[PDB]
Amino acid sequence: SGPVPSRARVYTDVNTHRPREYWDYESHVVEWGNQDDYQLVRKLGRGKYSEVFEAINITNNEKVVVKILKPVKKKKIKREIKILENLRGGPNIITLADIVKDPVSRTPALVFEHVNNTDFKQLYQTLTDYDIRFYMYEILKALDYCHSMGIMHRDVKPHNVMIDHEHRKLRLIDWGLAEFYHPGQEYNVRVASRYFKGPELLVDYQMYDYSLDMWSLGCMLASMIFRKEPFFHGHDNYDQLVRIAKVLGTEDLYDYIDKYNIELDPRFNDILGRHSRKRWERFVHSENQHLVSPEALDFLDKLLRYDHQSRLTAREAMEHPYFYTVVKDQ
Ligand SMILES: NC(=O)Cc1c[nH]c2ccc(Cl)cc12
Ligand SMILES: NC(=O)Cc1c[nH]c2ccc(Cl)cc12
Numbered sequence: 002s003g004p005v006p007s008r009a010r011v012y013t014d015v016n017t018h019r020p021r022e023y024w025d026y027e028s029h030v031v032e033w034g035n036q037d038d039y040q041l042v043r044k045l046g047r048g049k050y051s052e053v054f055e056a057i058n059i060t061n062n063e064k065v066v067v068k069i070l071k072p073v074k075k076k077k078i079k080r081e082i083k084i085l086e087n088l089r090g091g092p093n094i095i096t097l098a099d100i101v102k103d104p105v106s107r108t109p110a111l112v113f114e115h116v117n118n119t120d121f122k123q124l125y126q127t128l129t130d131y132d133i134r135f136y137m138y139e140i141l142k143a144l145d146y147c148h149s150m151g152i153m154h155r156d157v158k159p160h161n162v163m164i165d166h167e168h169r170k171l172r173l174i175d176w177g178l179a180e181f182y183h184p185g186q187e188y189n190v191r192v193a194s195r196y197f198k199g200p201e202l203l204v205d206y207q208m209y210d211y212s213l214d215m216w217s218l219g220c221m222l223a224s225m226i227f228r229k230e231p232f233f234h235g236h237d238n239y240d241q242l243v244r245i246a247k248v249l250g251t252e253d254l255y256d257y258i259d260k261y262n263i264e265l266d267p268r269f270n271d272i273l274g275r276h277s278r279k280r281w282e283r284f285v286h287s288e289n290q291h292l293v294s295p296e297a298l299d300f301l302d303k304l305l306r307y308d309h310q311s312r313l314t315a316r317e318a319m320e321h322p323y324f325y326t327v328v329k330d331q
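Position in the sequence shown counted from 1, then plus 1, gives you full-length UniProt numbering.
1. Leaving aside the five residues before and after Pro159 along the sequence, list all residues of the same chain whose C-beta is less than 7 angstroms from its C-beta, in chain order.
2. Provide the residue span of the beta strand (DSSP E) that contains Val15, from first to last.
3. Would you list the residues sitting across from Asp99 in a DSSP beta bridge?
4. Just list the residues that DSSP pairs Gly46 with in beta bridges.
5. Comparing the CB of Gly177 with every heavy atom of ligand 2, is any distance shorter than 7 angstroms?
6. Tell me the rounded alpha-carbon separation between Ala110 and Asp253.
7. Between the C-alpha atoms of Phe284 and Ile245, what's the straight-line distance to the nearest angstrom?
8. Less than 8 angstroms between C-beta atoms, sequence neighbours within five positions excluded: which residues of the same chain meet that for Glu81?
9. Whole-angstrom Cβ separation of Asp14 and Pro184, contact assumed at under 8 angstroms?
10. Using only the alpha-carbon positions, how far apart do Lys68 and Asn270 sit?
11. So what's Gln241 in DSSP terms, helix, strand or just coil?
12. Using a threshold of 7 angstroms, is the CB atom of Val53 nearer than that to any non-hydrogen atom of ligand 2?
13. At 4 residues or longer, and completely inside the stretch 150–228: list those alpha helix (DSSP H) runs for me, N to C.
14. According to DSSP, is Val66 helix, strand or coil?
15. What's the C-alpha gap between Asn35 and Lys102?
16. Just the C-alpha distance for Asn262 and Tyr307, rounded to the nearest angstrom, thanks.
17. Going by Cα to Cα distance, which pick from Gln207, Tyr182, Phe181 is closest to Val190?
18. Given a threshold of 16 other Cβ atoms within 10 Å of its Cβ, counted over all protein chains shown, does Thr127 qualify as buried or as exposed?
19. Cα separation between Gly151 and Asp214?
20. Could you tell me which of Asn118, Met153, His148 sits nearest to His166, measuring between CA atoms?
21. Answer with buried or exposed for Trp216, where buried requires no fewer than 16 other C-beta atoms within 10 angstroms of its C-beta.
22. What does a CB cutoff of less than 6 angstroms around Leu141 pick up in its chain, not counting 5 residues either side in sequence?
23. Would you kindly report the start and end of the unbroken alpha helix (DSSP H) that includes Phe300?
24. Between the Cα of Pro6 and those of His168, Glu32, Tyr188, spot the shortest distance and give me the residue it belongs to.
25. Consider the C-beta atom of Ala110 and the heavy atoms of ligand 1; say whether any pair is separated by less than 7 angstroms.
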C-alpha cells in the first residue's frame, strides 16, 4: 500500500544509545551570553535566514563572526544550537563560541570562530586536481564525523564550505538545516538548495538518511571536475529530477521508484520521458580534462546513484583510490 521503509546502512542506531537530551533538542535550555561582550565591525553577507558580520569580542580583543538570525520558530534555533554544540571540536566543523540576544529587539545571534573566504568564485577557477582531492577529503572528514554523531547536514553545497586557501583549512558551516537521524523517522523533503537535492527529496521519499549528504557532495564534485556549475541545472524541483534523469537514465529511476514503492506525483508522468544513462566522458572537454581521471569518474559514479541505500558512505568514500595520494600525504 505505502512506501517501502528504509534505514541507514551505517550509524543507524547511534542516537538511540545516547541519552535523550543529546537529540531531544526541544527540551534544550539555551545558555545565553552577554551581547555587550561584542561589537560589530562590518557586514560580510546576508543569506536566506541571517545576516553575517565580522565582529570583535571586546573582553579579550578576539575576532569573531556573528550570524544574526532572521526570526525563525524557537524549535529550529534550539535544533541548530544543539547540533552545533554536539559537533563542537569535531574535524572541520565550525566552532560555536557564544550565543547572544539583543535586549531591545529580542533577536538571537550565534557567534562563531573566525574563518574567511568561500568556495564560490575560487571553486571552478583556481584549484588544481590535487586541491579538489584534498578539499573533498576534508569535507568527508566533516560528513563522517557528523553522521557518526547521528546528524544529517542536509544543505551541503559550496556556499556552505568555507575554505581558507592560504592555510589549507576548511570548515563546514550553516547547520540550520541539519537534523538528527532516527531509524524510521519521516523527514521534510523541502530542504537543501534546488541544484543539490537528492532524488529522494525530488520524489518525496521521506524516510531518508545520511546518504542524502553524499548525493550533494557528488553534485559539488561533478561541478568542480567538469567546471559546470551547477551540474544539474533544473528550472525547479520537477525539472531538477528531469535533469538528473537525462544523465543517470530513466531505467534506474523507475527501478528506484518500484523498489521503494514510491508514488510519483502525476506532474512527473509527462516530463521524465525515456533517457539512456550517459557515460561521464560526455562532459569532458579541453577546458576540464586536467581535473578528470578514471579515479574521479569512478568515485563520482558511486556517489550519484538514485538508490540512496547504494551510495558510498562517507567512510567508504574516504577509502576510494581518488584519495590515495591525499591520504599518503598526511
Ligand atoms: N553590543 C551590541 O549589542 C552590538 C550589536 C548589535 N547587534 C548585535 C547582534 C549580535 C551581537 Cl554579538 C552584537 C550586536
Ligand atoms: N554564512 C555565509 O555564507 C556568509 C559568510 C561569509 N563568510 C563567512 C565566514 C564564516 C561564516 Cl560562519 C559565514 C560566512
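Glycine included, every Cβ here is placed at the ideal spot set by N, Cα and C.
Per the coordinate set shown:
1. Indexing the sequence shown from 1 puts residue 159 at position 158. Only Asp120, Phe121, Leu124, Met221 meet the Cβ criterion.
2. Position 14 of the sequence shown, counting from 1, holds the residue named residue 15. Element bounds for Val15: n/a, residue is neither H nor E.
3. Translated into the one-based positions of the sequence shown, residue 99 becomes position 98. Paired residues: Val112.
4. The sequence position of residue 46 within the sequence shown is 45, counting from 1. DSSP, once it has assigned bridges, lists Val53 as partnering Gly46.
5. Residue 177 sits at position 176 when you count from the first residue of the sequence shown. Distances from the CB of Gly177 to the heavy atoms of ligand 2 are all 7 angstroms or more.
6. In the sequence shown, counting from the first residue as 1, residue 110 sits at position 109. In the sequence shown, counting from the first residue as 1, residue 253 sits at position 252. Near 45 angstroms, if we compare the C-alpha coordinates of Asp253 and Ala110.
7. Walking along the sequence shown from the start, residue 284 turns up at place 283. Walking along the sequence shown from the start, residue 245 turns up at place 244. Spanning the two alpha carbons is a distance of roughly 14 angstroms.
8. The count along the sequence shown starts at 1 and reaches residue 81 at position 80. Here the set comprises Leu111, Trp176, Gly177, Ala179.
9. By one-based count along the sequence shown, residue 14 stands at place 13. By one-based count along the sequence shown, residue 184 stands at place 183. With a Cβ gap of about 6 angstroms, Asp14 and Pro184 count as contacting.
10. By 1-based counting over the sequence shown, the position of residue 68 is 67. By 1-based counting over the sequence shown, the position of residue 270 is 269. Our two residues, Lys68 and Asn270, have alpha carbons roughly 43 angstroms apart in a direct line.
11. By one-based count along the sequence shown, residue 241 stands at place 240. Looking at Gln241 - three-state DSSP - the assignment turns out to be helix.
12. Stepping through the sequence shown from its first residue, residue 53 is reached at position 52. Yes, Cβ of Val53 sits closer than 7 angstroms to a heavy atom of ligand 2.
13. 200–203, 212–227
14. Start at 1 with the first residue of the sequence shown, and residue 66 comes out as number 65. In the three-state reduction of the DSSP assignment, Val66 falls in the strand class, which pools E and B.
15. Mapped onto the sequence shown, residue 35 falls at position 34. Mapped onto the sequence shown, residue 102 falls at position 101. Their Cα atoms are separated by approximately 8 angstroms.
16. Numbered from 1 along the sequence shown, position 261 holds the residue referred to as residue 262. Numbered from 1 along the sequence shown, position 306 holds the residue referred to as residue 307. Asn262 and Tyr307: Cα-Cα distance of roughly 14 angstroms.
17. Here the question's residue 190 lines up with position 189 in the sequence shown. Nearest C-alpha to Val190: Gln207.
18. In the sequence shown, residue 127 corresponds to position 126, counting from 1. Counting Cβ neighbours within 10 Å, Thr127 comes out exposed, since fewer than 16 surround it.
19. Position 150 of the sequence shown, counted from the start, is the residue given in the question as residue 151. Position 213 of the sequence shown, counted from the start, is the residue given in the question as residue 214. Their Cα atoms are separated by approximately 13 angstroms.
20. On the sequence shown, residue 166 is found 165 positions in, with the first residue counted as 1. Nearest C-alpha to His166: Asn118.
21. Counting from 1 along the sequence shown, the entry for residue 216 is found at position 215. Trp216 comes out buried.
22. Within the sequence shown, numbered from 1, the residue matching residue 141 stands at position 140. Correct list, in chain order: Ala315, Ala318, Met319.
23. The residue you call residue 300 lines up with position 299 of the sequence shown. For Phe300, the enclosing alpha helix (DSSP H) stretches over residues 295–304.
24. Looking up residue 6 in the sequence shown gives position 5. Out of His168, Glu32, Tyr188, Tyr188 has the C-alpha closest to the C-alpha of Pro6.
25. By 1-based counting over the sequence shown, the position of residue 110 is 109. Yes, since a heavy atom of ligand 1 falls inside the 7 angstroms radius drawn around the Cβ of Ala110.
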